[PDB]
Amino acid sequence: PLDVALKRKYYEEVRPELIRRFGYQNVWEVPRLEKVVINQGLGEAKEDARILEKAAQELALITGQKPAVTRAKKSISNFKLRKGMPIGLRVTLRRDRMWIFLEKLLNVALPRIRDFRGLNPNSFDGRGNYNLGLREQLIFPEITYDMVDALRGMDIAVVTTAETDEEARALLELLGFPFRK
Amino acid sequence: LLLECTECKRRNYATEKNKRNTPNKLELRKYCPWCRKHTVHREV
Amino acid sequence: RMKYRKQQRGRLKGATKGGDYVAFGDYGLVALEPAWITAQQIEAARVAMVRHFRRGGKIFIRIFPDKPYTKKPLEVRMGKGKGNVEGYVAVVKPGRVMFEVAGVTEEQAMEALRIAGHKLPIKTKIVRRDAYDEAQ
Amino acid sequence: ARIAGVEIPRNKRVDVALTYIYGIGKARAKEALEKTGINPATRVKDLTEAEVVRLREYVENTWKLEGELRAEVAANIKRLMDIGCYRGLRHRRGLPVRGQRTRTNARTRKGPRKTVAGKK
Amino acid sequence: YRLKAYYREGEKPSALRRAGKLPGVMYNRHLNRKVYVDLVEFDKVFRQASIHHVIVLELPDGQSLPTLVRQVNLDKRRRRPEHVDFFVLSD
Amino acid sequence: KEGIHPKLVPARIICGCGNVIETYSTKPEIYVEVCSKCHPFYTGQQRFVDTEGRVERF
Amino acid sequence: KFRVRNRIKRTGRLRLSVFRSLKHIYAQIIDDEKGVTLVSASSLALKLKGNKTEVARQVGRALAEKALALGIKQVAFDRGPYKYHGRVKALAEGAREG
RNA sequence: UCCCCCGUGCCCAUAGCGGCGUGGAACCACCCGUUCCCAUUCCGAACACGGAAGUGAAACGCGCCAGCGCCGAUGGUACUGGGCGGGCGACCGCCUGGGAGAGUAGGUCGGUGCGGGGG
RNA sequence: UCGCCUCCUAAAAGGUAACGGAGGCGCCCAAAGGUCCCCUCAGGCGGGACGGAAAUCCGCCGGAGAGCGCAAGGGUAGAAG
Ligand SMILES: [Mg+2]
Ligand SMILES: [Mg+2]
Ligand SMILES: [Mg+2]
Ligand SMILES: [Mg+2]
Ligand SMILES: [Mg+2]
Ligand SMILES: [Mg+2]
Ligand SMILES: [Mg+2]
Ligand SMILES: [Mg+2]
Ligand SMILES: [Mg+2]
Ligand SMILES: [Mg+2]
Ligand SMILES: [Mg+2]
Ligand SMILES: [Mg+2]
Ligand SMILES: [Mg+2]
Ligand SMILES: [Mg+2]
Ligand SMILES: [Mg+2]
Ligand SMILES: [Mg+2]
Ligand SMILES: [Mg+2]
Ligand SMILES: [Mg+2]
Ligand SMILES: [Mg+2]
Ligand SMILES: [Mg+2]
Numbered sequence: 001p002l003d004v005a006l007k008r009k010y011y012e013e014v015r016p017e018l019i020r021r022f023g024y025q026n027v028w029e030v031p032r033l034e035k036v037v038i039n040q041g042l043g044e045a046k047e048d049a050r051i052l053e054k055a056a057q058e059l060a061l062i063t064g065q066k067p068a069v070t071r072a073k074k075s076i077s078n079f080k081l082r083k084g085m086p087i088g089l090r091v092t093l094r095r096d097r098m099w100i101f102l103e104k105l106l107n108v109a110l111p112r113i114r115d116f117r118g119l120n121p122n123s124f125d126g127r128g129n130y131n132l133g134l135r136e137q138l139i140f141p142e143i144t145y146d147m148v149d150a151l152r153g154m155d156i157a158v159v160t161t162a163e164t165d166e167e168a169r170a171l172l173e174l175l176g177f178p179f180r181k
Numbered sequence: 001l002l003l004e005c006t007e008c009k010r011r012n013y014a015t016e017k018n019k020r021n022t023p024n025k026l027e028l029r030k031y032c033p034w035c036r037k038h039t040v041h042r043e044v
Numbered sequence: 001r002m003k004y005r006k007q008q009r010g011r012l013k014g015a016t017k018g019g020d021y022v023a024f025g026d027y028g029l030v031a032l033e034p035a036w037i038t039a040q041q042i043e044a045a046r047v048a049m050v051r052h053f054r055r056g057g058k059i060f061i062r063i064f065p066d067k068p069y070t071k072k073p074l075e076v077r078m079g080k081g082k083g084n085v086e087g088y089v090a091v092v093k094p095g096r097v098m099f100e101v102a103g104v105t106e107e108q109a110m111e112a113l114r115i116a117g118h119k120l121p122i123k124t125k126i127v128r129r130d131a132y133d134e135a136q
Numbered sequence: 001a002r003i004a005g006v007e008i009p010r011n012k013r014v015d016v017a018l019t020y021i022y023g024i025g026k027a028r029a030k031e032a033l034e035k036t037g038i039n040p041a042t043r044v045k046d047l048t049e050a051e052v053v054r055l056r057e058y059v060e061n062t063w064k065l066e067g068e069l070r071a072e073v074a075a076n077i078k079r080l081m082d083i084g085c086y087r088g089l090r091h092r093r094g095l096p097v098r099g100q101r102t103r104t105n106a107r108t109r110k111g112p113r114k115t116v117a118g119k120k
Numbered sequence: 001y002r003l004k005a006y007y008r009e010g011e012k013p014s015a016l017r018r019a020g021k022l023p024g025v026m027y028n029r030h031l032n033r034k035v036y037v038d039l040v041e042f043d044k045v046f047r048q049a050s051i052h053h054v055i056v057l058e059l060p061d062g063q064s065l066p067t068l069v070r071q072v073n074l075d076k077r078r079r080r081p082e083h084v085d086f087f088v089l090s091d
Numbered sequence: 001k002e003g004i005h006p007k008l009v010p011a012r013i014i015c016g017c018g019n020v021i022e023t024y025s026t027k028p029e030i031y032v033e034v035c036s037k038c039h040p041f042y043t044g045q046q047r048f049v050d051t052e053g054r055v056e057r058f
Numbered sequence: 001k002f003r004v005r006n007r008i009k010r011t012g013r014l015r016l017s018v019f020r021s022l023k024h025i026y027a028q029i030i031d032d033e034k035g036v037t038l039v040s041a042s043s044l045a046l047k048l049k050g051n052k053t054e055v056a057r058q059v060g061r062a063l064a065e066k067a068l069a070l071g072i073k074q075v076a077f078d079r080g081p082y083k084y085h086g087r088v089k090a091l092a093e094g095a096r097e098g
């Protein structure tokens, strides 16, 4: 909806906390949140009717948004796919849909990766732009074992309106991301 | 092969060049003929 | 080592970019007449100098053979010859500094660069140091 | 219902269904089912979710398992490959460690027999 | 490093070379005068004091202008300096 | 936001340990295994010389 | 960037260049080969409060009456960032038949 | 009649890039929402519509800066129509008119039209 | 080798030769055609689960070094991609 719980926690605690943290000079100077993209590599276009677009519906039922099949730009013969077409799944989540996806992610999904000592806070590096992978895709609160055939590990990238990495660090760590120290 | 569109049981071969393995097989193109303007013009 | 070459004779005309100064080292052979300096004459003069002042200093060959000198194998005329009889040739115009020796004293440098000029087909000058410069 | 890590058994008896969780074997699955208090012969296709979490509260909190255990096993191995204890060496090249002969045997620590041998 | 130099008034650089003079410019962002400095002394000036030392040009009318020898066009063949221009110092 | 959709109905998320997260997803009734209330936590390894001073002494 | 330039695919004269701001909408007939703007019309600095489809229709009415105020009948639409839509210039009094 | 802003062109980097501060009464943009038109192989991010609660933070405008860039003379060589010689040759020399390229001094973050809106 | 195309030799209009240098064509395409509307490339930097050092994704710097069916030029994103 419009009153996402994580969105409310952002708008009521985190923006004045980052203001009273860094000594900002504008309400829009605080790092906002604008992008959570989910990529699915998925080089699987062999014979014997290898459809494998069930994972598109799987990702759509996770997020709440139907991902697009993205055709490969360059054709390389090392992995045998070629000539553009076959597979790569991308979904891009902006406002309240991104917020309900992060409500499903940060509180329900990561707390669970099979060990999960934390995230990797060397991963921002210069832009806003925190990227993080997922080995096992079914940590999410929708899909257990009896809805798939194989393991479909995606990788998300959340982009902030933060110029450096310290600013997005301080944003996402209070939005609810844990880290490794 | 070099195939010519005929006005439908009529005149006016329209003389295109098809690429027969890639699609052909009732090549259908609206075309302006010599007589009775505009038609369907299936090939050959 | 690259783009297609059995290239033409050109013509060894006027020399301005063909000849500026001595940059590396101290002393320098410098040509006084346009001629084709082969790779064989480059190696011949250089192993004259390095064996003259033995285990010596630096001998910068500022020219480089980059022109396929072509020789027909003693027959009539059907196309270009087979190319590269001794190999490639540095097109050298006069005023060009060909060799520079570095650091080694004047008594070895003047009796080394003279040997290099004796194995080269060009009447040469030998310059000492303190040429064209630019820095403030 | 998954138990630990993600390791979910279905349609099996619970007291060997716990064994598919790494770190729980037959003996711990015998013990810490009636220890919590569950009839240990109820097929997990019908396991009450309150009993699932009353089982899981003993599974995760008591002893270390897949991940925190597995990784300590591997850390014990990397700790054994230190400067050269005799059990960390021969983990370092995969030979066996607790008194196994290797003249003919040891196909489960070696391979795939590389049969490049033989005289004339 | 003082040096005598004269004023070319636009009189034939090849004739100055015939005479043995080294032509040149005296120039900065304040003045621009074609000159000729005599080469038989400019070689002794310039190979002693390079482009890191301040020459001073004494002109036919008094002016003992401080300058840095800025650029020399060598004669490409037939080795000698062919033209000079002097970055005259500013105050 | 087009014709095709996952339709994203409001959804409580119960956990086992008792936390409920009021979120939006497909499949409006959802409960999970572990969420928060697993944050810094259980068994930590006993060190080397600590165990080897536990075992024996002269 | 919005590099669209459905500018320079207009060489026929009397170029009606629009501008759809967040607040107003401006429109102006420019002449080509001698770049002089002939007539123009703002929206909110002319008339009705920010009901932007109807007032973008009304600024077009006012602009076409300004064009027939000096007798210009054949023109050519512009503003490459158009997406010809609810910024409407469905008009009379300009015989472009736009 | 001058600065301010908005569009729109001309010359095409001497006006570009990167800095460094300023702008919000308006204007312009970001924004607040997707019901409304139409939207995106997913996403009202773009496009579009509604709004005006807030902000110049980005973006843009307008100033200073030469760091990169770009422009770059005066000279003078190169080259050369045209002429006349030397050189068995490779090629060079003189006169006559042109006259660069790089370089150096430097110049430089616009200039200018047109129609609106504003003190 | 014989025709055609691209450079170069071709001497800043054109044309210009040799058994001079170096490559291509004897087709293809019912979308690789038309029009309308959008979008920008390669690369490098980082950052990302299998993921090649170049799959896919994100963010900066990227004015053409990418692409245009095919050789080579000419051109070109203010499109011809
Ligand atoms: Mg036939
Ligand atoms: Mg043994
Ligand atoms: Mg326009
Ligand atoms: Mg300009
Ligand atoms: Mg700066
Ligand atoms: Mg300021
Ligand atoms: Mg205001
Ligand atoms: Mg704008
Ligand atoms: Mg700003
Ligand atoms: Mg210049
Ligand atoms: Mg010049
Ligand atoms: Mg500047
Ligand atoms: Mg300026
Ligand atoms: Mg020509
Ligand atoms: Mg096309
Ligand atoms: Mg990465
Ligand atoms: Mg990756
Ligand atoms: Mg290209
Ligand atoms: Mg072909
Ligand atoms: Mg071209």
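Those protein sequences? They're chains A, B, C, D, E, F and G, same order as listed. Counted from 1, the first sequence has number 71 at position 71 by the working numbering; the numbering is strictly sequential. Counted from 1, the second sequence has number 43 at position 43 by the working numbering; the numbering is strictly sequential. Counted from 1, the third sequence has number 130 at position 130 by the working numbering; the numbering is strictly sequential. Counted from 1, the fourth sequence has number 92 at position 92 by the working numbering; the numbering is strictly sequential. Counted from 1, the fifth sequence has number 31 at position 31 by the working numbering; the numbering is strictly sequential. Counted from 1, the sixth sequence has number 45 at position 45 by the working numbering; the numbering is strictly sequential. Counted from 1, the seventh sequence has number 91 at position 91 by the working numbering; the numbering is strictly sequential. Cβ atoms here follow ideal geometry from the backbone N, Cα and C, with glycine treated the same way.
Using beta-carbon distances, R70(D) does not count as an interface residue toward chain F, since no partner is under 7 Å. Nearest C-alpha to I38(D) among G23(D), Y58(D), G25(D), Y22(D): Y58(D). Of the other Cβ atoms in all chains shown, fewer than 16 fall within 10 Å of the Cβ of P121(C); this residue is therefore exposed.
Not flagged as an interface residue toward chain F: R54(D), since no C-beta distance is shorter than 7 Å. In this model, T16(C) and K76(E) are separated by some 5 Å (Cα to Cα). The DSSP-derived three-state label of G50(G) is coil. In this structure, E7(B) is the residue among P23(B), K25(B), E27(B), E7(B) with its C-alpha nearest to the C-alpha of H38(B). CA-CA distance, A35(C) to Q41(C), rounds to 11 Å. For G117(C), the uninterrupted alpha helix (DSSP H) run begins and ends at 106-119, by DSSP.
Annotation: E82(E) is outside any alpha helix (DSSP H); the continuous beta strand (DSSP E) that includes it extends over 81-88.
Relative to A62(G), the option among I30(G), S17(G), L91(G), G80(G) whose CA is nearest is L91(G). Taking the beta carbon of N107(A) as reference, the chain F residues within 7 Å of it are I21, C35, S36, listed in sequence order.
Per DSSP, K30(B) lies in no alpha helix (DSSP H) segment and is marked neither H nor E. Counting along the chain, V37(E) sits inside the beta strand (DSSP E) bounded by residues 32-38. Here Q57(A) carries a helix assignment [DSSP, helix/strand/coil].
Counting only runs of 4 or more residues that sit fully inside the region 13-97 of chain D, the alpha helix (DSSP H) segments are 14-17, 26-34, 49-62, 70-80, in chain order. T104(D) sits in coil when the DSSP states are folded into three classes, being neither helix nor strand. The beta carbon of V104(C) sits closer than 6 Å to the beta carbons of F53, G56, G57 from its chain, once the five residues preceding and following it are set aside; these are given in chain order. Distance from the C-beta of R7(G) to the nearest heavy atom of ligand 3 is below 6 Å. When C-alpha distances from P68(C) are compared across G117(C), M2(C), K13(C), the shortest belongs to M2(C).
For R10(G), same chain residues with a beta-carbon under 7 Å away, outside a window of 5 residues either side, are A76, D78 in chain order.
Non-local beta-carbon contacts of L69(D) in its own chain, meaning distances under 7 Å to residues more than five positions away in sequence, involve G23 in chain order. Straight-line measurement puts the Cα of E100(C) at about 22 Å from the Cα of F46(E). In the structure shown, the three-state DSSP call for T51(F) is helix. The C-beta distance from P141(A) to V91(A) rounds to 17 Å, too long to fall under 8 Å, and the pair is not in contact. Contact note: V72(E) reaches chain C through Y132, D133, using a C-beta cutoff of 9 Å and chain order. Put simply, the CB of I8(D) is near chain A, with a gap under 7 Å to one of its CB atoms. With contact defined as three or more Cβ pairs closer than 8 Å, the region 98-106 of chain A and the region 19-32 of chain F are in contact.
Under the three-state reduction of DSSP output, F77(G) falls in the strand class. DSSP places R95(A) in the uninterrupted alpha helix (DSSP H) bounded by 95-104.
Among the CB atoms of chain A, one or more fall inside 7 Å of the CB of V32(F).
The CB of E49(D) never comes closer than 9 Å to any CB in chain A; the least such distance is about 13 Å. For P66(E), the beta-bridge partners assigned by DSSP are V56(E).
In the DSSP assignment, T15(B) forms no beta bridge with any residue. Here the alpha carbons of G81(C) and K44(E) stand approximately 53 Å from one another.
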